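Notes to accompany the following structure.
As written, the chain order gives the labels A, B, C, D, E, F, G and H, with residue 1 at the start of each chain.
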Amino acid sequence: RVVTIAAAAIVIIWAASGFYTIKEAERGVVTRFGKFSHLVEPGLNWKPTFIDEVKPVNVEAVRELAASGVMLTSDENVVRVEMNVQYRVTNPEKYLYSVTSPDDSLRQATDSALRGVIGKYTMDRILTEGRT
Amino acid sequence: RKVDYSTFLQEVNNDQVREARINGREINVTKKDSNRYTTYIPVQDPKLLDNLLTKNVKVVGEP
Amino acid sequence: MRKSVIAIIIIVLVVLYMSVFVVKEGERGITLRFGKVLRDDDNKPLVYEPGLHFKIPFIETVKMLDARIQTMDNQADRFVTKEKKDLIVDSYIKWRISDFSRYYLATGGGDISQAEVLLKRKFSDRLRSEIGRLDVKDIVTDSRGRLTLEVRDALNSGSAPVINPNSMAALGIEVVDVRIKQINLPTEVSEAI
Amino acid sequence: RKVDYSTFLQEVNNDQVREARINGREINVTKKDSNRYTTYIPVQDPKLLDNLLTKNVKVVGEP
Amino acid sequence: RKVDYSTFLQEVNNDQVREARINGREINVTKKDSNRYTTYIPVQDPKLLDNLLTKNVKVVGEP
Amino acid sequence: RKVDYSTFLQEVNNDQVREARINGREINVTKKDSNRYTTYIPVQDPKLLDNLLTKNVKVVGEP
Amino acid sequence: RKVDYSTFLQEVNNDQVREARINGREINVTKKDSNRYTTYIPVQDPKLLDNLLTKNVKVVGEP
Amino acid sequence: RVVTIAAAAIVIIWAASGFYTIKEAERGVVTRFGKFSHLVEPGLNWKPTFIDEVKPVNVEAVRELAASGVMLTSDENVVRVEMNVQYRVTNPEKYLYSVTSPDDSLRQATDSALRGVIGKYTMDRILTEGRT
């Protein structure tokens, strides 16, 4: 009788530890022993404890980045330029496995693109008709 | 995640913080890129809330 | 008796726990035995794709190799243009491990530091040679269309299934993108401007 | 309803609140448009009471 | 070890401390040369936190 | 022996104290002439700690 | 015999007492004419110590 | 059986003293008496004590040194010249059995070569195009 009660107890603990919650805004990526099991919607869900792991990622929220710098223009001129970049996460497996720390990579890419675009234009043209 | 108070400050002055929730000594800090980390107040700072407000940072109280 | 059964089951469970192997989706890691993991499976060592695996408890040690794009940034540099005017280029390079076995064997260690310094040296050398032919105005105007793409293509190909030992393809690394973040002038030129 | 402390300060600075019942940390805000909500003081803010009195806002304590 | 509070003050003025971990009453100081010791605050000093910040000294809180 | 607070502050401005061991409400004080006594803060005074720090007077806290 | 706090302030403003025995909230006061009484502080008053120190009025604490 | 016990103890001491460890970056050279007959990879290895001598040398890590000097140019002009040289070690047999203290020899060779090259060109060419 002891073995049956022990089995009942261990399966009860298994089920109790199986449940987890994912916030409404976020999504989840579940991997069973690191094999990318599937994509998990928000709410209450169940997973085999000590077998698969779930990583939550904020998808609904909109992320903003600020990029500022002293930048050289075409007519041997330097200007302080500030930009804001709004971006959102999609297909979270790409956001999680393609590039380490995607936010820093996007920051560096934004700085590079800003330098490339600002290099072409002259100072007065920027200062007057920049925005568009 | 646990992050110390100083770098939280120069993140605040460099406006990477969006929402800060202060239940007790601890602060639940959310960055502009939706990355959240907890911070602990070493000692009460009268200038802390003023600095947070001037930098247009969202501040949330707790029950 | 039942005590012996409990002892044997807990001992086999802890043996399994010590011998369990887990590899995450992000990185591919191969076992590190003191003597023999080098030259496993004839010339090419085992890759050990992500998934469950079994390991001998003490003859080998766990270690992982990352399998996604890394970024290496050069904080400051000094370059001489064609007209003998100094320039400071702050640029970042993104590199992906192409073949893991050759990446491990060619680099001194599994640590990314050795590959990073090799890439920095080659990239810096490659960049310096390429820039010297141009003028500062052309550098600041259309660098991406005349420097970065050409440097990336040359570093991948190795000019100046055939693999050039000079090329980075000889190493397990591959270069996916090269960009120039910031360009600065010497303090004298900046003060004059 | 719960409204954040920074939002409440932005509201009072814009002349939108009428009376504020302060019960320790908790504050019961009544707007000029007869809308009531509740906020909480994150940390001790000396400037709060001065800001409330300056903007001609009724302030009421409680036992 | 233990170190006088005034010793800590003049020490941080000359910029050779690196990490300062605040646990309520106690302070666990880390030197620039990997030397660790302990300091205590005489009485609540508002200028302490400002002084530590302005000299780029890491400050770490505790739960 | 207990020494009056006004006499204590005047003696500190006289630069005649060397060490002051502060125990919250209490202070244990050593004069420059190796005379030991004990004094009391009437009510919390940060200017006390300011005066002792600017006078290069040793300040000692304890667990 | 109990004396108003305000009356205490204009009395000491006139340089008429000598000693102030501060026991938490209550204060034992002796005038220049050897008249002794007790006064009570309504709330915490930081200017009290500055005013008492400026006008050469001696203060003594209690264990 | 005392002699047998002593012999077993000596064998166990031999086994416990033979083994040695090598870090990942290093490579070992094992010498059979005076002669070296094998180079050992960064792994756990066993050697017969007093019969084989193992020496480890770092390989992967790169050494860096500085060469700075007051120099005479082609037109008899004084210039301060500074350079950094980064090198690595290959073929440990040559690194250990060719030159006494190869680091100092390389330092002096670098200084001599830098002296030989700086004096060939004039001062202004060194000042302007010295970098490449």
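Heads up, the rule we're going with is that contacts are C-beta pairs under 8 Å (C-beta built on N, C-alpha and C of every residue); 3 or more make two chains touch, one makes a residue touch a chain.
These two copies of the sequence, chain D and chain E, are related by a rotation of 120 degrees on CA atoms, to the nearest 5.
When C-beta pairs in contact are tallied for every pair of chains, the largest tally goes to A-C. Centre-to-centre spacing of chain B and chain D amounts to 22 Å, using the average Cα coordinate of each chain.
Centroids of chain C and chain H (each the mean of its C-alpha atoms) stand 26 Å apart. Rounded to whole angstrom, the centroid-to-centroid distance between chain A and chain G, based on C-alpha atoms, equals 64 Å. With centres set at the average Cα position, the gap from chain E to chain H is 44 Å. Annotation for chain E: residues touching 2 or more other chains are 44, 46. Chain F contributes residues 4-7, 9, 25-26, 39-43, 45, 47 to its touches with chain G in the complex.
In the complex of the two chains, the chain F residues touching chain E come out as 22, 24, 41, 44, 46, 48-50, 52-53, 56-63. Listed in rising order, the residues of chain H touching chain C in the complex are 24-25, 41, 43-45, 59-62, 86, 128-129, 131-132. By the touch criterion stated above, chain A contacts chain B in their complex at residues 58, 61, 63-66, 103.
Those residues of chain A lying in contact with chain C across their complex are 31, 33-36, 69, 71-72, 74, 76-78, 96-101, 104-105, 108-109, 111-112, 115-116, 119-120.
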